[PDB]
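Peer 1: Just dropping in an experimental structure and the matching sequence.
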Amino acid sequence: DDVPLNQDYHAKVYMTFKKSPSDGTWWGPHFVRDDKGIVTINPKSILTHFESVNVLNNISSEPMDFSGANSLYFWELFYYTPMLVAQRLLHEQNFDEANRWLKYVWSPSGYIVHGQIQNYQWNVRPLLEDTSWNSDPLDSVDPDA
Amino acid sequence: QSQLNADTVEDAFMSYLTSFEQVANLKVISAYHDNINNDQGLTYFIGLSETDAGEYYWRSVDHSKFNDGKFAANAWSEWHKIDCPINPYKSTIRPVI
Amino acid sequence: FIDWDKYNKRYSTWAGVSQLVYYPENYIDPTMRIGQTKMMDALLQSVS
Amino acid sequence: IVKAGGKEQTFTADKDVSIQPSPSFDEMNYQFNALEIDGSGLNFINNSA
Amino acid sequence: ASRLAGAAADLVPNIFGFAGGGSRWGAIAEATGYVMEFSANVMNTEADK
Amino acid sequence: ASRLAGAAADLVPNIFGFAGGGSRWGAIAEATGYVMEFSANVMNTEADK
Amino acid sequence: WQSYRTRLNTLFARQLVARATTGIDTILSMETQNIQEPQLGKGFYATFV
Amino acid sequence: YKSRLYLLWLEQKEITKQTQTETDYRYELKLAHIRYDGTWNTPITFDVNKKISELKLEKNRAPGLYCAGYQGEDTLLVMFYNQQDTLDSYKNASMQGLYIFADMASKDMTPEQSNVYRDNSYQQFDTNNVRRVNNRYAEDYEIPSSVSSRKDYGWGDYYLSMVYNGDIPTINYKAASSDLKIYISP
């Protein structure tokens, strides 16, 4: 918040499981933010349920979300557009260009960006990490869903 | 069409990427939630393009598709176009059901 | 090997680009040109 | 290793990290502090270094 | 882009002095009507191609 | 050449006296919109030839 | 929504312009898919192991 | 601005004020950009009538228009001035400027801010008989705020480990006379 509810801690995260199913007193990371910047952890915190709780202080941006609000437009730009054009070029016997657009999704020979082979064969990074962007696939008979 | 070279598929991609830019740069003006309570139902938004005498879009998010701290991507619909002569004063515009 | 899939995998494509330095006039089309103006496109359509 | 023009400058993680992270095979994020680079002595070729 | 620019330019009043006003109020509905009539010719041109 | 001449002639105000003004502000965007709609008929006429 | 913050827009098309000057080989790479979006208001990023 | 060609142009509008009637003029600043398919967007209108009226211009003299991109701070630097005879007359001349952000939102320049952008770009203004070309704005240097893309990497010994997906999320600098210092937080 702009004005926190408690001075001793501004946010309380905690972890629940089978043996510990509910909240405990001072059993979590308790984050305190000053008037200047950096968020620290209140040293009265008990970090038994975690291994380490780090605070990313100078990271103020997250990468783009392929399962968020504008997810449908993101998957159409990087996956469904190179797969529609390369399918369409394959039907037209234009083979040297149809290979160029299939390799915007997957190159089995790797990728070379400025004279060096890359760590990935899948050019679409939400195929590199399998991110589900539909969790209701059996509502209708849809092979894409 | 049939004669489909490298020059045609690059001009069609940039014509695709032009219309992609108009939807990615929308400004959400107002909203309306079609329930009493915020936990259930579904909320309808309204957008604004970056053209002068701009064009307004709308879409939905389903609050029954909210699971474990995050909306599923099935909650969101696509931006649907409004073909209507709309010219509100200082973004005084509201959807309603 | 950056140019492997196009102009180095086959022999007929390797002899295409490597002769293009020495004899490009075998591949020069008087009606088509990479980088022509829109007036030359409108001129070709007026005599098509 | 920071080679900015003239002399190499080496900054190790024993003195320039506030919080060492937990040991793991998956990730070890070593966030350094604000490091000091002597920009005097850059070779400006075509007004760019 | 030319219909939306011509519509908003005609919503500004053009008569000033002792009798103000002069803006065409149906300018946006004229512009969107011209685009949808022109897009019917585009879809017939795309179908003829 | 007739759309660009009709656009600039309509940018001059035509109402004088105690209430000035009268120029159509969206005249250039109306003219360029009419040329691009007419050039779509030219390219269909050239394609039919 | 009472405790959560759900992103509505995206700033991907603002930073796509610098990736689009070179060509489609630069648009459809992974460095374009790593274009980041700003945080939602006041807050921070925390890593939980 | 952000590697896309824009255009700015100043339009006048001849209005009629009253006291009998007189002819007044109203100024607007337009702004359009190019799309990916080579087409141009609609012009965006900015009200700059108070900025032109603050400049004590002559009768039929168009004001000078400075416009430059600035990679730091991601702003479009638009300033108006009274066009002078010599180049040295702009060391104390009052500027009427405004910012233009990425979403076509405008913020006026504070007069303490306009003097900063004047002192580093007054040698690119137009005089009466000399018409100059504006460069991209910078104050003495051009250093990015963060580097997040690598140039080269390498595998570990026996291909077991890897130093990979690092970044420098914070790059700062301050410089005295002939002394540059760089502050990275990698």
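Peer 2: Cool, the structure landed. Numbers count the residues shown, from 1 in each chain, chains lettered A, B, ... in the order given.
Peer 1: ok, residue H:91 touching residue H:122?
Peer 2: Yes: between residue H:91 and residue H:122 there is a contact under C-beta atoms under 8 Å: 6.5 Å. In short, each C-beta sits where N, CA and C put it, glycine included.
Peer 1: residue in chain C nearest to chain F?
Peer 2: In chain C, the residue that lies nearest chain F is residue C:45 (5.5 Å; C-beta to the nearest C-beta).
Peer 1: Just give me the neighbour total for that residue.
Peer 2: Counted by other C-beta atoms under 10 Å in any protein chain shown, the residues lying close to residue C:45 total 12.
Peer 1: got the contact list for it?
Peer 2: Applying C-beta atoms under 8 Å, 6 or more residues apart in numbering or on different chains, we find residue C:45 in contact with residue F:46.
Peer 1: for residue H:120, same thing?
Peer 2: Residue H:120 makes contact with H:137-140 under the criterion C-beta under 8 Å, 6+ apart.
Peer 1: give me that answer again for 6 Å
Peer 2: residue H:139 (C-beta atoms under 6 Å, 6 or more residues apart in numbering or on different chains).
Peer 1: swap in residue E:32?
Peer 2: Residue E:32 neighbours (C-beta under 6 Å, 6+ apart): residue B:83.
Peer 1: from what I can see, it looks like it's in a strand, true?
Peer 2: No: Residue E:32 is assigned helix when assessed by DSSP: H, G, I helix; E, B strand; the rest coil, not a strand.
Peer 1: Of residue H:91 and residue H:122, which one has the most company?
Peer 2: Each of residue H:91 and residue H:122 has its neighbours counted (other C-beta under 10 Å); residue H:122 has more, 18 against 10.
Peer 1: Give me the neighbour count for residue H:22.
Peer 2: 11.
Peer 1: doesn't it fall inside a helix?
Peer 2: No: read with three-state DSSP, residue H:22 is strand and lies in no helix.
Peer 1: Pairing partners for it in the sheet, please.
Peer 2: residue H:17 (DSSP bridges).
Peer 1: any idea how far it is from chain B?
Peer 2: Here residue H:22 is placed at a distance of 30 Å from chain B (C-beta to the nearest C-beta, to the nearest Å).
Peer 1: same deal with residue H:140?
Peer 2: Using C-beta to the nearest C-beta, residue H:140 is found at 34 Å from chain B.
Peer 1: how about whichever residue of chain D sits closest to chain E, phi and psi?
Peer 2: For chain D, the residue closest to chain E is residue D:48, as judged by C-beta to the nearest C-beta, at 37.9 Å. In terms of degrees, to the nearest 10, the main-chain angles of residue D:48 are phi -140, psi 140.
Peer 1: circling back to that earlier point, and the residue of chain C closest to chain F, helix, strand or coil?
Peer 2: helix.
Peer 1: For the residue most central in space within chain A, which non-adjacent residue is closest in space?
Peer 2: Centroid-nearest residue in chain A: residue A:65, 5.9 Å away (criterion: C-alpha atoms, centre = their mean). Spatial nearest neighbour of residue A:65, chain neighbours left out: residue A:71 (6.6 Å); criterion: C-beta to C-beta, 6 or more residues apart in numbering or on different chains.
Peer 1: phi, psi of residue D:32?
Peer 2: As for residue D:32, its main-chain torsions (degrees, to the nearest 10) stand at phi -80, psi 180.
Peer 1: Can you name the residues that contact whichever residue of chain D sits closest to chain G?
Peer 2: Across chain D, the shortest distance to chain G (C-beta to the nearest C-beta) belongs to residue D:22, at 6.1 Å. Taking C-beta under 6 Å, 6+ apart, we find residue D:22 in contact with A:51-52.
Peer 1: Make sure I have this right: residue C:40 is in a helix.
Peer 2: Yes: counting by three-state DSSP, residue C:40 is located in a helix.
Peer 1: Is there a neighbour count for it? I'd like the number.
Peer 2: 13.
Peer 1: What strand or helix carries the nearest residue to it once chain neighbours are set aside?
Peer 2: Nearest non-adjacent residue to residue C:40, counting by C-beta to C-beta, 6+ apart: residue C:33, 7.2 Å away. Per DSSP states H and E, residue C:33 falls between elements, in no helix or strand.
Peer 1: Determine the number of other residues adjacent to residue C:33.
Peer 2: Residue C:33: 11 surrounding residues under other C-beta under 10 Å.
Peer 1: Kindly report the same for residue H:99.
Peer 2: For residue H:99, using other C-beta under 10 Å, the count is 18.
Peer 1: which parts of chain B sit against chain E?
Peer 2: Taking C-beta under 6 Å from any C-beta of the partner chain as the test, the list of chain B residues beside chain E reads B:1, B:51-53, B:83, B:85.
Peer 1: ok, and the most crowded of the residues you listed?
Peer 2: Neighbour counts for the residues of chain B next to chain E (other C-beta under 10 Å) peak at residue B:53, which has 22 neighbours.
Peer 1: so who does that residue touch?
Peer 2: So residue B:53 contacts E:4, E:7-8, E:28 (C-beta under 6 Å, 6+ apart).
Peer 1: ok, 8 Å please
Peer 2: By C-beta under 8 Å, 6+ apart, the contact list for residue B:53 reads B:87, E:4-5, E:7-8, E:11, E:27-28, E:31, H:42.
Peer 1: out of these, which are buried?
Peer 2: Among the contacts of residue B:53, those classed as buried by 16 or more other C-beta atoms under 10 Å in any protein chain shown are E:4-5, E:7-8, E:11, E:27-28, E:31, H:42.
Peer 1: in chain E, what residue is nearest chain A?
Peer 2: At 14.7 Å from chain A, residue E:49 is the closest residue in chain E, using C-beta to the nearest C-beta.
Peer 1: element containing the residue lying closest to that residue once chain neighbours are set aside, please.
Peer 2: Distance criterion C-beta to C-beta, 6+ apart; nearest residue to residue E:49, sequence neighbours excluded, is residue B:1 at 5.9 Å. Using DSSP H and E, residue B:1 falls within no helix or strand.
Peer 1: shouldn't residue B:1 be in contact with residue E:47?
Peer 2: No: in this structure residue B:1 lies outside contact range of residue E:47 using C-beta under 8 Å: 11.5 Å.
Peer 1: Look up which helix or strand residue C:20 falls in, please.
Peer 2: helix C:11-22.
Peer 1: Alpha carbons of that helix, as PDB, please.
Peer 2: Extracted in PDB, the C-alpha atoms of helix C:11-22 (Å, rounded to 0.1, in the frame of the first residue of the first chain):
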ATOM      1  CA  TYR C  11      25.200 -27.900 -56.200                       C
ATOM      2  CA  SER C  12      22.700 -26.000 -58.400                       C
ATOM      3  CA  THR C  13      22.400 -23.200 -55.800                       C
ATOM      4  CA  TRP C  14      26.100 -23.000 -55.100                       C
ATOM      5  CA  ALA C  15      26.800 -22.400 -58.800                       C
ATOM      6  CA  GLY C  16      24.000 -19.800 -58.800                       C
ATOM      7  CA  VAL C  17      25.400 -17.300 -56.200                       C
ATOM      8  CA  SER C  18      29.100 -17.800 -57.000                       C
ATOM      9  CA  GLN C  19      28.600 -17.100 -60.700                       C
ATOM     10  CA  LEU C  20      26.500 -14.000 -59.800                       C
ATOM     11  CA  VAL C  21      29.700 -12.100 -58.900                       C
ATOM     12  CA  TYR C  22      31.400 -12.900 -62.200                       C
END
